[PDB]
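J.: Before I ask anything, here is the structure I am working with.
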Amino acid sequence: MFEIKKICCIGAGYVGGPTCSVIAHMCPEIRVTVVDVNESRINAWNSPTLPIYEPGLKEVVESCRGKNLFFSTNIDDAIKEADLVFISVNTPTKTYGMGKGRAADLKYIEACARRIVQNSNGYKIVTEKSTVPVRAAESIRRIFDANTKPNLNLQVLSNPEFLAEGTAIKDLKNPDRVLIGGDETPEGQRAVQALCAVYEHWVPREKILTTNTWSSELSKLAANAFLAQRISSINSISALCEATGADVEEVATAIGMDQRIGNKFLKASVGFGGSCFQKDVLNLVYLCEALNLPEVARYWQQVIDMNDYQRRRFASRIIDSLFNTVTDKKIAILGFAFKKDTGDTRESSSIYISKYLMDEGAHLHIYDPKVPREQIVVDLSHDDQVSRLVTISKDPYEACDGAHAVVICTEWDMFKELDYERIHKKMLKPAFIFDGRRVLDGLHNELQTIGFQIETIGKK
Amino acid sequence: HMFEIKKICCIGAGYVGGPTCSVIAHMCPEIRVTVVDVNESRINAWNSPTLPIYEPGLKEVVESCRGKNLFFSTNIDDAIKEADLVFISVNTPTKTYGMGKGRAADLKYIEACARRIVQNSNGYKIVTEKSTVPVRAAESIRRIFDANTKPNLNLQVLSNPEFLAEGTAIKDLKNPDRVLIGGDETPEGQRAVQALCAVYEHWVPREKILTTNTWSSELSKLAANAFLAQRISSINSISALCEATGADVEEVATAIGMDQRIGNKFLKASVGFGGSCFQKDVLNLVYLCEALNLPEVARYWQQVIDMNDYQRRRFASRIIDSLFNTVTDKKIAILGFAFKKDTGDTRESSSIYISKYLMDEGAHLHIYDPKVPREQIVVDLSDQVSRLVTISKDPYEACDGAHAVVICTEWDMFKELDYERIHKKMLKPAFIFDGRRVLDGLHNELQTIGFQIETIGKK
Amino acid sequence: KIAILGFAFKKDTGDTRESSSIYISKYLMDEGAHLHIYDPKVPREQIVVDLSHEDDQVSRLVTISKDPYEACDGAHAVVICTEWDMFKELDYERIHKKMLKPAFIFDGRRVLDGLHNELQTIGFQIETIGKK
Ligand SMILES: O=c1ccn([C@@H]2O[C@H](COP(=O)(O)OP(=O)(O)O[C@H]3OC[C@@H](O)[C@H](O)[C@H]3O)[C@@H](O)[C@H]2O)c(=O)[nH]1
Ligand SMILES: O=c1ccn([C@@H]2O[C@H](COP(=O)(O)OP(=O)(O)O[C@H]3OC[C@@H](O)[C@H](O)[C@H]3O)[C@@H](O)[C@H]2O)c(=O)[nH]1
Ligand SMILES: O=c1ccn([C@@H]2O[C@H](COP(=O)(O)OP(=O)(O)O[C@H]3OC[C@@H](O)[C@H](O)[C@H]3O)[C@@H](O)[C@H]2O)c(=O)[nH]1
Ligand SMILES: O=c1ccn([C@@H]2O[C@H](COP(=O)(O)OP(=O)(O)O[C@H]3OC[C@@H](O)[C@H](O)[C@H]3O)[C@@H](O)[C@H]2O)c(=O)[nH]1
């Protein structure tokens with residue numbers, strides 16, 4: 001019955017931007033307007049240099065922008081004319097009060113809901129889309145139910161986003177599934193069906209799951225936690241491998257060939273990062289404690305404790321290899337993004353490894369091909385310690401020049417292609433490589449012949 | 001220089017040794033396979049029309065080979081003496097006293113097999129440990145062999161963990177996802193590994209055979225089992241969250257499992273996992289990690305067992321609460337005692353733990369299972385058994401006059417029972433506690449009939 | 001089977017009060033070991049009392065040997081807990097022949113120092129306090 005012809009998305013971030021760009025790309029007859037309070041971000045979306053790095057994103061944006069894809073700071077008018085309003089904003093962790101450091105702060109979701117009511121008349125579908133929805137649909141409904149107008153009829157859906165950064169475009173174009181939650185009422189099902197009709201322009205119907213809003217959000221919270229758990233599980237095995245002379249990459253191969261386990265997300269690492277996994281597990285633990293499910297809470301907390309231990313163990317292996325004094329020693333940090341093919345650093349293990357070494361007085365020279373220099377400075381600041389200890393290098397050979405150790409924290413493909421003979425000539429000896437990503441496997445013989453001490457996760 | 005296996009001896013005619021060697025003999029008609037055991041009644045059963053374990057398709061495999069190239073015997077000594085390859089597939093029970101009591105595996109039968117092999121061997125032989133939970137097994141065998149040499153005796157030790165699941169053993173053995181063989185990284189070890197590979201290549205493609213050293217083989221099995229158990233505990237933890245918030249764990253599991261990085265297998269919430277593999281495996285992994293001064297890894301994997309124990313306790317207390325916290329002299333039917341469907345095996349079955357929680361409340365249990373022998377149920381539950389436990393010959397007898405029906409094992413026959421007939425003769429309110437989600441889709445009919453239906457992961 | 005050589009709390013006495021041999025024996029009894037205990041001066045009955053809580057665990061697990069070769073016959077391990085001088089003069093080639101293999105000597109007193117090369121050549125695994 002109802003056809004979505006105009007879409008407004010509040011939030012032009014890693015979720016809203018790529019998601020709306022793909023919708024516009026696949027649905028040429030739908031006008032898609034992405035809005036944001038951040039004017040410089042909107043200006044960048046409208047420029048030759050997009051505000052985030054995603055493979056393939058520039059091509060998608062440029063094929064649609066100004067045709068049926070628009071980026072604007074005019075939030076009010078985009079809402080007023082929209083058939084469907086996405087809310088894709090950030091929900092930062094509370095920094096004080098109950099749940100400090102653990103529970104999500106819904107203040108931006110609620111501010112979006114109030115702004116939608118202020119600027120809406122008639123019928124609209126309002127859809128919360130995030131990687132970590134924490135009571136998001138309920139809080140929007142809470143606002144809408146309390147702020148009615150004659151003839152205003154807002155429907156609330158949940159539509160979690162499953163994309164992973166660095167593969168956003170491919171993930172959005174061929175999702176494993178689309179998940180839409182709405183009320184089990186006639187109006188709720190009419191709204192769900194309208195959103196299904198958008199996705200059916202490019203997603204087969206059998207890959208679209210529909211449920212209620214709570215089941216949708218819980219499914220996302222749980223699915224994220226299962227993924228994070230696979231990593232902590234293989235990372236726990238990596239510590240066991242180091243202690244017993246086995247190789248975690250070989251053990252992972254044997255594990256993953258069980259088709260009931262599957263062979264994905266078994267790559268041991270210095271530790272998982274990103275704005276999703278830690279926040280998701282912390283909020284799951286907090287929700288469980290609030291529901292008086294302490295056994296479930298402490299079950300999932302281990303996913304975070306293991307990740308924290310993995311990072312700490314890696315840093316202390318570095319410090320031990322430098323014989324427990326790192327004062328005034330130059331150390332190259334190769335990779336600051338939380339994974340390859342993004343400039344995003346949120347919860348990157350590189351931040352934590354860098355801070356552990358700064359606490360030892362190391363002089364870090366940090367190189368990453370896509371993370372902006374100013375972002376690294378902010379991430380490592382509480383300021384004076386950053387001023388004394390942190391240098392941001394424009395190329396990796398400068399970062400390694402005169403270094404005692406090279407620490408690979410992000411699996412950028414270019415790192416396996418470096419001229420390690422040149423790097424060794426200008427390092428102080430003994431020269432260490434700490435591969436926190438297993439990207440140098442198979443170069444171990446060459447690197448040892450050159451003269452490096454190579455240490456990697458899950459192998460001793 | 002190589003070695004061709006023409007005669008195989010398997011010490012241990014259990015759920016691992018019997019089916020595995022039967023499939024080997026079936027797939028390798030030119031290899032003589034002799035399964036041996038200290039247990040004479042078990043050997044007699046393997047040689048009879050009624051096998052000592054229930055595995056779908058096993059009788060047909062055994063009867064196609066037995067007496068041609070497959071033999072079952074109590075003559076352990078002669079089987080070893082003539083063997084090219086000796087499998088050790090015995091049980092390693094958990095220690096009941098001393099260091100690691102209740103947690104660490106007891107290697108005494110492995111060590112006795114190793115000593116018996118030296119005694120009865122001359123010349124060259126390959127000795128392969130094959131179990132679902134190998135815990136320092138290859139190392140303990142090597143230690144015995146290194147210390148007990150003879151002129152011209154040359155024993156090689158391999159690890160070859162068994163990945164089969166009971167109830168699907170024959171299909172699993174005929175089409176394994178992978179075969180894992182560990183051997184020494186020496187010329188002798190590689191010759192032994194290749195010999196065992198050649199056996200499996202009669203029916204397993206070479207790209208599915210992984211070769212490594214013995215410790216990496218055992219650690220890979222210990223970890224793989226724990227990953228499987230962890231999936232179950234993870235979805236069971238979500239089932240409690242679903243019950244508390246109005247969601248349905250089966251729908252949540254479907255949404256989770258459609259992520260191809262997670263996969264859609266082993267996401268079936270339940271009263272809790274059982275079997276001789278998973279709990280033993282995680283306990284031994286935790287104990288090993290503690291011994292290696294890895295307490296963070298130990299407490300990480302311990303949560304898999306703690307969650308399973310909580311899932312069982314929570315299910316039992318729902319039953320007791322639904323019966324308003326007094327079950328003294330109340331008849332309760334237990335449908336399913338095996339640890340999963342299509343086996344008669346009860347080792348660590350959740351049905352044991354649920355039954356004991358109800359017995360501690362004074363319930364009169366009537367237990368029905370289509371394949372578990374009556375005497376095993378009596379042993380598993382052991383005066384309190386005499387007072388409280390009845391073994392029913394059919395499920396209608398167990399439910400006659402019952403307050404509650406508790407489904408603990410997902411036997412397919414339970415979804416086809418005459419539940420209108422069951423309701424007529426139960427006391428009211430009549431409860432069904434579906435600990436396996438086997439009655440999904442009958443919920444409307446059962447409510448119309450008049451049952452109170454409670455199931456895991458839904459409220 | 002495990003041989004316990006030495007039960008007195010030090011050499012040249014029959015006194016067992018708070019002897020380490022009691023505690024080591026009890027740790028091994030908790031593991032189900034069959035202890036065969038030899039000491040040249042401690043009375044048989046004192047060992048029985050020291051290892052009891054008429055004790056059924058003592059009945060099942062403890063044998064008091066009249067000489068050290070009987071204690072070691074068929075043993076997996078020889079545990080020296082008291083530094084009696086006679087222990088370094090034993091015929092360890094004869095002991096090794098009748099032990100099960102691998103045959104361990106756990107020297108809790110360092111009394112076999114300097115015999116280590118001879119004992120390893122014979123074929124023992126020798127473990128001692130304060131050394132690998
Ligand atoms: O009220 C607001 C709040 C926020 N915003 C904008 O919303 C955008 C959010 O983009 P971000 O890059 O910060 O966040 P993401 O797109 O990656 O969201 C993701 O990470 C943050 C998590 O809390 C979310 O669960 C996840 O979906 C920002 O550009 C911000 O300026 C608004 O326009 N209005
Ligand atoms: O095997 C692995 C996989 C991933 N990782 C690490 O885990 C972290 C997360 O990586 P992902 O590929 O999942 O990327 P993202 O965090 O952007 O996406 C994740 O959260 C958002 C959800 O919508 C996605 O479905 C989920 O994949 C990264 O730090 C990555 O390097 C490993 O260390 N090992
Ligand atoms: O010294 C021995 C010990 C045991 N055995 C026999 O070995 C056989 C083992 O069979 P079981 O049915 O008990 O055990 P499984 O075949 O199922 O082994 C499986 O579960 C037990 C666990 O300890 C193992 O890790 C697992 O592989 C028994 O029939 C037993 O009589 C011997 O012949 N000699
Ligand atoms: O989704 C699931 C799957 C399994 N289970 C339960 O988990 C327990 C184990 O079931 P399995 O099918 O794995 O059966 P098994 O214990 O025989 O095999 C397991 O251990 C031995 C290994 O070699 C096998 O690879 C492994 O699957 C059973 O109690 C089963 O009912 C669930 O509760 N949910």
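Chain labels A, B, ... are given in the sequence in which chains occur in the structure tokens; within each chain residues are numbered consecutively from 1, and ligands are likewise numbered from 1 in the order shown.
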Ligand 1: which residues are within 6 Å, counting only C-alpha atoms and all ligand atoms, as a list in words?
T.: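 What falls inside 6 Å of ligand 1 is residues 10, 11, 12, 13, 14, 15, 16, 36, 37, 38, 89, 90, 91, 92, 108, 111, 112, 130, 131, 132, 133 and 275 of chain A.
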J.: With C-alpha atoms retained, export the selected residues as an mmCIF file, in the first residue's frame.
T.:
```
data_model
loop_
_atom_site.group_PDB
_atom_site.id
_atom_site.type_symbol
_atom_site.label_atom_id
_atom_site.label_comp_id
_atom_site.auth_asym_id
_atom_site.auth_seq_id
_atom_site.Cartn_x
_atom_site.Cartn_y
_atom_site.Cartn_z
ATOM 1 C CA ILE A 10 19.987 11.489 10.327
ATOM 2 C CA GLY A 11 23.672 10.734 10.728
ATOM 3 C CA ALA A 12 26.251 10.815 7.931
ATOM 4 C CA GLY A 13 28.792 8.501 9.554
ATOM 5 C CA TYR A 14 30.308 5.107 8.836
ATOM 6 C CA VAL A 15 26.794 3.647 8.971
ATOM 7 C CA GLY A 16 24.545 6.330 7.495
ATOM 8 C CA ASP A 36 24.168 15.633 9.973
ATOM 9 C CA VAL A 37 24.855 18.390 12.482
ATOM 10 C CA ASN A 38 28.555 18.178 11.549
ATOM 11 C CA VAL A 89 23.730 8.374 15.084
ATOM 12 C CA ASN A 90 26.344 7.477 17.665
ATOM 13 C CA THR A 91 25.422 6.289 21.162
ATOM 14 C CA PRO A 92 28.592 6.887 23.185
ATOM 15 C CA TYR A 108 21.411 11.565 20.823
ATOM 16 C CA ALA A 111 17.225 14.234 20.662
ATOM 17 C CA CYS A 112 16.673 12.848 17.146
ATOM 18 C CA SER A 130 23.059 1.121 13.927
ATOM 19 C CA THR A 131 25.599 -1.623 14.509
ATOM 20 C CA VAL A 132 24.824 -1.723 18.276
ATOM 21 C CA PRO A 133 21.138 -0.928 19.021
ATOM 22 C CA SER A 275 33.161 0.908 17.649
#
```
J.: Extract, using only C-alpha atoms, all DNA, RNA and protein residues at most 12 Å from residue C:93, discarding same-chain residues fewer than 2 positions from it, and format them as a PDB file with N, CA, C and O atoms, in the first residue's frame.
T.:
```pdb
ATOM      1  N   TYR C  69      65.763 -53.332  49.059  1.00  0.00           N
ATOM      2  CA  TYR C  69      65.590 -53.985  47.763  1.00  0.00           C
ATOM      3  C   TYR C  69      64.177 -54.522  47.594  1.00  0.00           C
ATOM      4  O   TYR C  69      63.627 -54.487  46.492  1.00  0.00           O
ATOM      5  N   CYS C  72      61.968 -51.539  46.631  1.00  0.00           N
ATOM      6  CA  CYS C  72      62.149 -51.083  45.258  1.00  0.00           C
ATOM      7  C   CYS C  72      61.753 -52.110  44.200  1.00  0.00           C
ATOM      8  O   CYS C  72      61.675 -51.754  43.022  1.00  0.00           O
ATOM      9  N   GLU C  89      75.102 -46.207  49.337  1.00  0.00           N
ATOM     10  CA  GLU C  89      75.866 -47.416  49.092  1.00  0.00           C
ATOM     11  C   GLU C  89      75.013 -48.569  48.558  1.00  0.00           C
ATOM     12  O   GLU C  89      75.520 -49.683  48.423  1.00  0.00           O
ATOM     13  N   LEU C  90      73.741 -48.331  48.240  1.00  0.00           N
ATOM     14  CA  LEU C  90      72.904 -49.401  47.714  1.00  0.00           C
ATOM     15  C   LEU C  90      73.392 -49.842  46.334  1.00  0.00           C
ATOM     16  O   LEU C  90      74.118 -49.124  45.637  1.00  0.00           O
ATOM     17  N   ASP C  91      73.015 -51.070  45.968  1.00  0.00           N
ATOM     18  CA  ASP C  91      73.296 -51.645  44.652  1.00  0.00           C
ATOM     19  C   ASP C  91      72.240 -51.145  43.679  1.00  0.00           C
ATOM     20  O   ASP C  91      71.207 -51.782  43.473  1.00  0.00           O
ATOM     21  N   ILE C  95      68.808 -52.599  41.747  1.00  0.00           N
ATOM     22  CA  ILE C  95      67.506 -51.953  41.904  1.00  0.00           C
ATOM     23  C   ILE C  95      66.902 -51.649  40.535  1.00  0.00           C
ATOM     24  O   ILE C  95      65.737 -51.965  40.267  1.00  0.00           O
ATOM     25  N   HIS C  96      67.709 -51.099  39.625  1.00  0.00           N
ATOM     26  CA  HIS C  96      67.191 -50.711  38.313  1.00  0.00           C
ATOM     27  C   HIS C  96      66.645 -51.913  37.547  1.00  0.00           C
ATOM     28  O   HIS C  96      65.594 -51.824  36.899  1.00  0.00           O
ATOM     29  N   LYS C  97      67.334 -53.055  37.628  1.00  0.00           N
ATOM     30  CA  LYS C  97      66.920 -54.246  36.888  1.00  0.00           C
ATOM     31  C   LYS C  97      65.479 -54.628  37.198  1.00  0.00           C
ATOM     32  O   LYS C  97      64.728 -54.999  36.295  1.00  0.00           O
ATOM     33  N   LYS C  98      65.070 -54.532  38.460  1.00  0.00           N
ATOM     34  CA  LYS C  98      63.752 -54.986  38.873  1.00  0.00           C
ATOM     35  C   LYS C  98      62.744 -53.859  38.991  1.00  0.00           C
ATOM     36  O   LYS C  98      61.599 -54.112  39.371  1.00  0.00           O
ATOM     37  N   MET C  99      63.112 -52.636  38.642  1.00  0.00           N
ATOM     38  CA  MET C  99      62.112 -51.582  38.630  1.00  0.00           C
ATOM     39  C   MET C  99      61.356 -51.582  37.308  1.00  0.00           C
ATOM     40  O   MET C  99      61.818 -52.121  36.298  1.00  0.00           O
ATOM     41  N   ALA C 103      62.216 -45.638  35.301  1.00  0.00           N
ATOM     42  CA  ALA C 103      62.505 -45.797  36.723  1.00  0.00           C
ATOM     43  C   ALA C 103      63.027 -44.475  37.284  1.00  0.00           C
ATOM     44  O   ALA C 103      64.067 -43.972  36.839  1.00  0.00           O
ATOM     45  N   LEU C 115      76.853 -39.485  42.340  1.00  0.00           N
ATOM     46  CA  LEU C 115      76.449 -40.719  41.677  1.00  0.00           C
ATOM     47  C   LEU C 115      75.598 -40.479  40.435  1.00  0.00           C
ATOM     48  O   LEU C 115      75.178 -41.454  39.800  1.00  0.00           O
ATOM     49  N   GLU C 118      76.778 -42.139  37.137  1.00  0.00           N
ATOM     50  CA  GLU C 118      76.581 -43.580  37.252  1.00  0.00           C
ATOM     51  C   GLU C 118      75.100 -43.942  37.164  1.00  0.00           C
ATOM     52  O   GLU C 118      74.727 -44.898  36.474  1.00  0.00           O
ATOM     53  N   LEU C 119      74.235 -43.181  37.841  1.00  0.00           N
ATOM     54  CA  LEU C 119      72.823 -43.553  37.861  1.00  0.00           C
ATOM     55  C   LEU C 119      72.162 -43.314  36.509  1.00  0.00           C
ATOM     56  O   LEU C 119      71.309 -44.102  36.080  1.00  0.00           O
ATOM     57  N   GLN C 120      72.541 -42.237  35.818  1.00  0.00           N
ATOM     58  CA  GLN C 120      71.983 -41.993  34.490  1.00  0.00           C
ATOM     59  C   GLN C 120      72.445 -43.047  33.498  1.00  0.00           C
ATOM     60  O   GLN C 120      71.647 -43.539  32.691  1.00  0.00           O
ATOM     61  N   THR C 121      73.726 -43.424  33.560  1.00  0.00           N
ATOM     62  CA  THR C 121      74.235 -44.478  32.692  1.00  0.00           C
ATOM     63  C   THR C 121      73.511 -45.797  32.938  1.00  0.00           C
ATOM     64  O   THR C 121      73.221 -46.544  31.995  1.00  0.00           O
ATOM     65  N   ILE C 122      73.228 -46.109  34.205  1.00  0.00           N
ATOM     66  CA  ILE C 122      72.446 -47.305  34.520  1.00  0.00           C
ATOM     67  C   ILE C 122      71.055 -47.216  33.896  1.00  0.00           C
ATOM     68  O   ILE C 122      70.511 -48.218  33.416  1.00  0.00           O
ATOM     69  N   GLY C 123      70.472 -46.015  33.864  1.00  0.00           N
ATOM     70  CA  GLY C 123      69.211 -45.819  33.173  1.00  0.00           C
ATOM     71  C   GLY C 123      68.126 -45.136  33.984  1.00  0.00           C
ATOM     72  O   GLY C 123      66.985 -45.037  33.521  1.00  0.00           O
ATOM     73  N   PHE C 124      68.454 -44.681  35.194  1.00  0.00           N
ATOM     74  CA  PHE C 124      67.483 -43.973  36.022  1.00  0.00           C
ATOM     75  C   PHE C 124      67.209 -42.567  35.488  1.00  0.00           C
ATOM     76  O   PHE C 124      68.086 -41.912  34.922  1.00  0.00           O
TER      77      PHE C 124
END
```
J.: Residues within 10 Å of stretch 291-296 of chain A, please, as a list in words. Count only C-alpha atoms; anything in the same chain fewer than 6 positions from it doesn't count.
T.: residues 284 and 285 of chain A; 233, 234, 236, 237, 238, 239, 240, 241, 244, 245, 303, 306, 307, 310 and 311 of chain B
J.: Please save N, CA, C and O atoms of the selected residues as an mmCIF file, in the first residue's frame.
T.:
```cif
data_model
loop_
_atom_site.group_PDB
_atom_site.id
_atom_site.type_symbol
_atom_site.label_atom_id
_atom_site.label_comp_id
_atom_site.auth_asym_id
_atom_site.auth_seq_id
_atom_site.Cartn_x
_atom_site.Cartn_y
_atom_site.Cartn_z
ATOM 1 N N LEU A 284 25.688 -5.661 26.549
ATOM 2 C CA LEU A 284 25.034 -6.941 26.807
ATOM 3 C C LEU A 284 25.222 -7.350 28.264
ATOM 4 O O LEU A 284 24.264 -7.745 28.943
ATOM 5 N N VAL A 285 26.449 -7.220 28.777
ATOM 6 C CA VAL A 285 26.720 -7.532 30.184
ATOM 7 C C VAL A 285 25.879 -6.641 31.097
ATOM 8 O O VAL A 285 25.262 -7.112 32.064
ATOM 9 N N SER B 233 26.742 -23.282 24.828
ATOM 10 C CA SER B 233 26.622 -22.433 26.009
ATOM 11 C C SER B 233 26.285 -20.994 25.632
ATOM 12 O O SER B 233 25.530 -20.318 26.344
ATOM 13 N N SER B 234 26.814 -20.511 24.509
ATOM 14 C CA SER B 234 26.501 -19.145 24.104
ATOM 15 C C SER B 234 25.023 -18.994 23.758
ATOM 16 O O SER B 234 24.365 -18.051 24.221
ATOM 17 N N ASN B 236 22.639 -20.957 24.725
ATOM 18 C CA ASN B 236 21.886 -21.192 25.956
ATOM 19 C C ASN B 236 21.864 -19.953 26.839
ATOM 20 O O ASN B 236 20.839 -19.655 27.469
ATOM 21 N N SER B 237 22.979 -19.213 26.899
ATOM 22 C CA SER B 237 22.968 -17.957 27.644
ATOM 23 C C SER B 237 21.953 -16.983 27.043
ATOM 24 O O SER B 237 21.232 -16.283 27.771
ATOM 25 N N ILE B 238 21.863 -16.945 25.712
ATOM 26 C CA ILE B 238 20.868 -16.098 25.053
ATOM 27 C C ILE B 238 19.452 -16.602 25.345
ATOM 28 O O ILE B 238 18.523 -15.801 25.500
ATOM 29 N N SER B 239 19.276 -17.921 25.507
ATOM 30 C CA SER B 239 17.948 -18.446 25.809
ATOM 31 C C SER B 239 17.429 -17.913 27.143
ATOM 32 O O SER B 239 16.229 -17.651 27.291
ATOM 33 N N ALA B 240 18.315 -17.735 28.128
ATOM 34 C CA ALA B 240 17.879 -17.129 29.388
ATOM 35 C C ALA B 240 17.494 -15.664 29.196
ATOM 36 O O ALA B 240 16.524 -15.180 29.792
ATOM 37 N N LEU B 241 18.255 -14.942 28.379
ATOM 38 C CA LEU B 241 17.930 -13.550 28.084
ATOM 39 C C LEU B 241 16.605 -13.439 27.333
ATOM 40 O O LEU B 241 15.811 -12.526 27.598
ATOM 41 N N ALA B 244 13.703 -13.829 29.723
ATOM 42 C CA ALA B 244 13.512 -12.671 30.588
ATOM 43 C C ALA B 244 12.942 -11.462 29.858
ATOM 44 O O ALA B 244 12.497 -10.519 30.523
ATOM 45 N N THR B 245 12.951 -11.446 28.517
ATOM 46 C CA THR B 245 12.602 -10.235 27.777
ATOM 47 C C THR B 245 11.531 -10.445 26.708
ATOM 48 O O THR B 245 11.235 -9.510 25.955
ATOM 49 N N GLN B 303 33.920 -20.682 31.741
ATOM 50 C CA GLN B 303 32.563 -20.160 31.589
ATOM 51 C C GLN B 303 31.686 -21.081 30.747
ATOM 52 O O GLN B 303 30.464 -21.094 30.926
ATOM 53 N N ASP B 306 30.420 -23.455 33.392
ATOM 54 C CA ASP B 306 29.556 -22.747 34.338
ATOM 55 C C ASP B 306 28.212 -22.409 33.700
ATOM 56 O O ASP B 306 27.161 -22.559 34.336
ATOM 57 N N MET B 307 28.216 -21.992 32.432
ATOM 58 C CA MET B 307 26.950 -21.687 31.780
ATOM 59 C C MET B 307 26.097 -22.942 31.602
ATOM 60 O O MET B 307 24.881 -22.917 31.859
ATOM 61 N N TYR B 310 24.501 -23.798 34.928
ATOM 62 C CA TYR B 310 23.416 -22.858 35.203
ATOM 63 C C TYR B 310 22.177 -23.150 34.353
ATOM 64 O O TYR B 310 21.042 -23.044 34.838
ATOM 65 N N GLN B 311 22.372 -23.481 33.073
ATOM 66 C CA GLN B 311 21.238 -23.795 32.201
ATOM 67 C C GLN B 311 20.436 -24.970 32.749
ATOM 68 O O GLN B 311 19.197 -24.927 32.797
#
```
J.: Please identify all protein, DNA and RNA residues within 8 Å of ligand 3, counting only C-alpha atoms and all ligand atoms, and report them as a PyMOL selection string.
T.: chain B and resi 11-18+36-39+42+89-93+105+108-110+112-113+130-134+162+276-277
J.: Do me a favour and pick out the residues of chain A within 7 Å of chain B, using only C-alpha atoms, as a VMD selection string.
T.: chain A and resid 176 to 177 215 219 223 227 236 246 251 254 to 255 257 to 262 264 to 265 295 to 296 299 302 306
J.: Could the residues that lie within 6 Å of ligand 4, counting only C-alpha atoms and all ligand atoms, be listed as an MDAnalysis selection string?
T.: chainID B and resid 132 162:166 232 266:270 272:275 277:278 339:340
J.: Would you list the contacts of residue B:117 as a list in words, taking every protein, DNA or RNA residue within 10 Å and counting only C-alpha atoms, but skipping same-chain residues closer than 6 positions in sequence?
T.: residues 11, 76, 77, 80, 81, 86, 88, 111, 125, 127, 141, 144, 145 and 155 of chain B
J.: For ligand 2, collect every residue having any atom at a distance of at most 8 Å from a ligand atom (counting only C-alpha atoms and all ligand atoms); output as a ChimeraX atom specification.
T.: /A:130-132,160-166,223-224,227-228,230-231,264-277,338-340,348-349,410-411,437
J.: Save the residues we just selected, C-alpha atoms, as an mmCIF file, in the first residue's frame?
T.:
```
data_model
loop_
_atom_site.group_PDB
_atom_site.id
_atom_site.type_symbol
_atom_site.label_atom_id
_atom_site.label_comp_id
_atom_site.auth_asym_id
_atom_site.auth_seq_id
_atom_site.Cartn_x
_atom_site.Cartn_y
_atom_site.Cartn_z
ATOM 1 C CA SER A 130 23.059 1.121 13.927
ATOM 2 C CA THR A 131 25.599 -1.623 14.509
ATOM 3 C CA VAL A 132 24.824 -1.723 18.276
ATOM 4 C CA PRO A 160 20.276 -3.138 12.361
ATOM 5 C CA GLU A 161 23.306 -2.688 10.107
ATOM 6 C CA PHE A 162 25.550 -5.748 9.631
ATOM 7 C CA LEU A 163 28.227 -4.203 7.417
ATOM 8 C CA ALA A 164 31.845 -4.363 8.518
ATOM 9 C CA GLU A 165 34.035 -1.339 7.857
ATOM 10 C CA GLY A 166 36.544 -1.761 5.047
ATOM 11 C CA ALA A 223 25.284 -11.804 16.765
ATOM 12 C CA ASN A 224 27.967 -9.152 17.364
ATOM 13 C CA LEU A 227 31.654 -12.765 16.393
ATOM 14 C CA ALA A 228 33.705 -11.070 19.115
ATOM 15 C CA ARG A 230 35.255 -16.306 18.089
ATOM 16 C CA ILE A 231 38.198 -13.886 18.099
ATOM 17 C CA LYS A 264 35.837 -17.418 9.305
ATOM 18 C CA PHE A 265 36.815 -15.083 12.175
ATOM 19 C CA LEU A 266 39.569 -17.388 13.426
ATOM 20 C CA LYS A 267 42.497 -15.022 12.723
ATOM 21 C CA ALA A 268 44.336 -14.471 16.017
ATOM 22 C CA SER A 269 45.505 -10.899 16.545
ATOM 23 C CA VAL A 270 46.768 -8.352 19.053
ATOM 24 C CA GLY A 271 43.063 -7.890 19.825
ATOM 25 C CA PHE A 272 39.808 -6.823 18.230
ATOM 26 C CA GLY A 273 38.854 -3.160 17.989
ATOM 27 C CA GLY A 274 36.178 -1.025 16.375
ATOM 28 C CA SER A 275 33.161 0.908 17.649
ATOM 29 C CA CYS A 276 31.012 -2.268 17.705
ATOM 30 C CA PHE A 277 32.411 -5.271 19.577
ATOM 31 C CA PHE A 338 41.482 -0.893 13.968
ATOM 32 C CA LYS A 339 41.664 -3.129 10.832
ATOM 33 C CA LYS A 340 42.898 -2.699 7.271
ATOM 34 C CA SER A 348 41.918 0.175 17.869
ATOM 35 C CA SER A 349 44.380 -2.125 19.624
ATOM 36 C CA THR A 410 47.106 -3.404 11.605
ATOM 37 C CA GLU A 411 47.110 -5.883 8.735
ATOM 38 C CA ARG A 437 48.583 -9.630 12.824
#
```
